[PDB]
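Chemist: As given, the protein sequences belong to chains A, A', P and P', one line each in that order. A prime marks a further copy of an entry chain.
Those letters in the first sequence? Residues -4 to 71, 74 to 76, 78 to 231, per the entry's author numbering, in order.
Those letters in the second sequence? Residues -4 to 71, 74 to 76, 78 to 231, per the entry's author numbering, in order.
In the entry's author numbering, each residue carries its 1-based index in the third sequence increased by 193.
In the entry's author numbering, each residue carries its 1-based index in the fourth sequence increased by 193.
The beta carbon of each residue, even a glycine, is placed where N, CA and C say it ideally should be.
Have a look at this one before I ask anything.
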Amino acid sequence: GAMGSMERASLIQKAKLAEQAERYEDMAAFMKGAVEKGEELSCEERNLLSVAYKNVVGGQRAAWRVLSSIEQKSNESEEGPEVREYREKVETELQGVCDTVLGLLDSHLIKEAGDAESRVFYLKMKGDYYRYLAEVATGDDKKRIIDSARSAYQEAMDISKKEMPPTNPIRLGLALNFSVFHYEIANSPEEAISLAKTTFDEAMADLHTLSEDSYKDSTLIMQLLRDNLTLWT
Amino acid sequence: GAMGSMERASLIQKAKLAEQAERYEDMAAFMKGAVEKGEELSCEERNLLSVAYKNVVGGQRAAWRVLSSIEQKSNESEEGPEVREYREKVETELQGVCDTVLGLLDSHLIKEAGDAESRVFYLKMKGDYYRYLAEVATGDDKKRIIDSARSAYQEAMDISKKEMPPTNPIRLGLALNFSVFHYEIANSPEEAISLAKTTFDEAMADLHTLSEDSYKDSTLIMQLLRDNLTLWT
Amino acid sequence: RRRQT
Amino acid sequence: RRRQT
Ligand SMILES: N=C(N)c1cc(-c2ccccc2)c(CNC(=O)[C@H]2CCCOCC2)s1
Ligand SMILES: N=C(N)c1cc(-c2ccccc2)c(CNC(=O)[C@H]2CCCOCC2)s1
Ligand SMILES: [Cl-]
Ligand SMILES: [Cl-]
Ligand SMILES: [Mg+2]
Ligand SMILES: [Mg+2]
Ligand SMILES: [Mg+2]
Ligand SMILES: [Mg+2]
Ligand SMILES: [Mg+2]
Ligand SMILES: [Mg+2]
């Protein structure tokens, strides 16, 4: 790829610069290049990868929702194909980004990740990007896309429960996202609420073990679980 | 180009959709395609063109300023070429966008613009995009780039003074930008202050001729002139 | 409000 | 504040 000639360390340095410049497409390209060097990623590097693609796909998803809403209102209205065409364009670009991320996870980040922190991180990302594919899916394969998200989240949950404390921020963000998966993808709002509550309560009971800085990190994510519970109940 | 097969009206429709989705790169590509159909642009269409490229180049400029500041601090410090390389990358992309816009103005928006409102609009844009080139210029041609911005702004000012009322929002935004050109590109802060003040005062004296809605449009831009005066004095 | 992830 | 254009 286009980043094959750049040093791994230079790609990581430039990913950090792109983050500071809010140039997230560049950031994602640099981190894709770094992954393709073939070496495992550090905790910091995994976060750079996640931040870059989160922001890229987040813009695409927000645009897709705007266009989908316009398209829906047009199908209630004065009549052409332009709205559908442009929604499809954004959708296809979004699917391409999701496919690229899933391809990095499959070649070969997940299979080389042996530590719980790295393996859970990548399986959570796999669930997230199948979930984003599920958000726009409508055809023969929607159920398989949903089950791919579920399966990745479930394996991440199983490992995280066995190997990480209940306040671990990756464990908490995994549970947050699997809860949202249940609520709005799988049509299982009770499972979503149950998971958010049990996750919150088990984290609260472990806070006493933490330093001041870890306490801040954990309670930040616990508040997101609380926000969703307040929205859903 | 890539938009040659799409209807002009479909390109305009999709530019409006891209604006609603905050997809400004798409918006700019659609409006470039519309311009390349060869027909003059309406007032609404001129605004779509300006909004699209303003947002594209605005993101690039903001990123360039972040990277230039990091580069400057690195040249005061612990030592590699990555910061300069990545600043150069963003700079080159920015110059490409400016060159594309200037090319649309030159082929053939300006020469076919006979009405004052259209001709002033396009000459202001020409000044703006040479100004953005000047912001990053450092070599043999910096002075010629600055003079190209000046010349375009000056011709726009001459026409606007003869053909438009002093409250016209395009006239006011032209004067605002030429004032900023004087202040920070041409190193003429007194000219900048003089132009902002005379523009503000001549607009104030013409407000009595306006409808409620025109009054709102004009006073909005007058407040930007006042903001700059307050900053500069 | 939009749910959080 | 940054000047306005
Ligand atoms: N450039 C970025 N965006 C990041 C780099 C690193 C980083 C990681 C390891 C070593 C050095 C830096 C990040 C850590 N991520 C977090 O979320 C924090 C709050 C939530 C739970 O974790 C605790 C920290 S974020
Ligand atoms: N899609 C967009 N962003 C725009 C479309 C149109 C438009 C123009 C003509 C006809 C219909 C729509 C815009 C008008 N621009 C302005 O700035 C306003 C405030 C300042 C002075 O002018 C008065 C209006 S903005
Ligand atoms: Cl399209
Ligand atoms: Cl670079
Ligand atoms: Mg090497
Ligand atoms: Mg599709
Ligand atoms: Mg119930
Ligand atoms: Mg036609
Ligand atoms: Mg250069
Ligand atoms: Mg003086």
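1. Spell out whether any CB of chain P' is found under 8 Å from the CB atom of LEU222 (chain A').
2. Since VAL134 (chain A) meets chain P, which of its residues come closer than 7 Å, beta carbon to beta carbon?
3. For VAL88 (chain A') versus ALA58 (chain A'), is the C-beta spacing smaller than 8 Å?
4. Between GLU86 (chain A) and chain A', is any beta-carbon pair separated by less than 8 Å?
5. For a test of the three-state rule: what should DSSP assign to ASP145 (chain A'), helix, strand or coil?
6. Starting from the N-terminal side, write out each stretch of the alpha helix (DSSP H) that is 4 residues or longer and does not extend beyond the stretch 139 to 188 of chain A.
7. Taking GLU17 (chain A') as the reference, give the member of A':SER0, A':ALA(-3) and A':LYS49 with the closest Cα.
8. Under a criterion of Cβ closer than 6 Å to any non-hydrogen atom of ligand 2, which residues qualify, in chain order?
9. Determine the burial state of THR136 (chain A'): buried for a count of at least 16 other Cβ atoms within 10 Å of its Cβ, exposed for fewer.
10. At least one CB of chain A' closer than 8 Å to the CB of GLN152 (chain A): is that the case?
11. Identify which residue in A:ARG85, A:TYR213, A:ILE143 and A:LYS122 has its Cα closest to the Cα of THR198 (chain P).
12. At a CB-CB cut-off below 7 Å, which residues of chain P make contact with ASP225 (chain A)?
13. Buried or exposed: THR197 (chain A'), going by 16 or more other Cβ atoms within 10 Å of its Cβ?
14. Whose C-alpha, out of A':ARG82, A':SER105 and A':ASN70, is nearest the C-alpha of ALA29 (chain A')?
15. CA-CA distance, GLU76 (chain A) and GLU66 (chain A)?
16. State the DSSP-derived secondary structure class of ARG41 (chain A'), mapped to helix, strand or coil.
17. Nearest to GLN152 (chain A) by alpha carbon, out of A:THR231, A:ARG169 and A:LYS9?
18. Considering only heavy atoms of ligand 6, does any lie closer than 7 Å to the CB of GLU86 (chain A)?
19. Expressed to the nearest angstrom, what Euclidean distance is found between the alpha-carbon atoms of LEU6 (chain A) and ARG56 (chain A')?
20. How about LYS9 (chain A): is its C-beta nearer than 8 Å to some C-beta of chain A'?
21. Alpha carbon to alpha carbon, how far is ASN175 (chain A') from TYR213 (chain A')? Give it in angstroms, no decimals.
Modeler: A quick look at the data gives this:
1. Yes - at least one Cβ of chain P' is within 8 Å of the one on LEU222 (chain A').
2. Within 7 Å Cβ-Cβ: nothing; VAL134 (chain A) doesn't reach chain P, min ~16 Å.
3. yes
4. no
5. helix
6. 140 to 161 and 167 to 178
7. A':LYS49
8. Having a Cβ closer than 6 Å to some heavy atom of ligand 2 are A':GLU14, A':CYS38, A':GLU39, A':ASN42, A':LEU43, A':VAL46, A':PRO167 and A':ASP215.
9. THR136 (chain A') should be labelled exposed.
10. no
11. A:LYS122
12. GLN197
13. With 16 or more Cβ atoms within 10 Å of its Cβ, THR197 (chain A') is classed as buried.
14. A':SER105
15. 11 Å
16. helix
17. A:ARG169
18. yes
19. 22 Å
20. yes
21. 21 Å
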